[PDB]
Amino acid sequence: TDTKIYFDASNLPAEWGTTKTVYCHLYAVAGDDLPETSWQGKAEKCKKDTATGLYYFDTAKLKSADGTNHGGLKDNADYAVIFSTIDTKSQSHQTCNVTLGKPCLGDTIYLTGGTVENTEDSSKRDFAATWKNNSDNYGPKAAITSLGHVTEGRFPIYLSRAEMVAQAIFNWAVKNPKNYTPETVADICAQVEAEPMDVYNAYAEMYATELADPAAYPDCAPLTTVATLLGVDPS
């Protein structure tokens, strides 16, 4: 069975020019831990499959923090990738974040010609890319942003909708108080399909270490903050 994931770096938006070299920035989302690779470094560089013309990244060659072989993608784990290119005039280009799981092994990412909302700046777009045969379950990484936006795409498989909302409160609620109001959080759950009480319970579980002492994690909203934001009653 195939451990490579493929990238079509030939049929691209006009702005990408003509591809010279291809890179794959792959990271863990849930159920696994991967070390950070270097943007467009040795570890990320893909080779062209002469048979098909597709570039590929072999997940079996991933290494863990200790430098040992990771053993590939895990069952019950979520990942994400950015494919980037350097074109023949040395300009960098990159896809949006695309979700990735074991069922994608052997499949191909292509540019759709569409865009998705950039999670850092809602006035900007990323180039949309998705899977040829797995787009129903993996694709552009849906995200909840620092401003409380819910961007288009696929959600992680092994992370619940309530847990994703709680993660967003954890990351953003204290630092962006004015975007994380009870009514925006309310709309976040509705668009993401998370029941507020489920979010509250998920929050309490996923951030028990962090809620323990505030001085260690000022940016982690205490449960009293979370209940009110969710309109819930821990009672």
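A residue's number is simply how far along the shown sequence it sits, counting from 1.
In this entry, 161-169 shows the higher mean Cα temperature factor of the pair 79-87 and 161-169. In this entry, 60-68 has the higher mean Cα B-factor, the comparison being between 22-30 and 60-68. The entry lists a Cα temperature factor for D8 that places it in the lowest third of the chain's modelled residues. The deposited CA B-factor of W39 belongs to the middle third of values across its chain.
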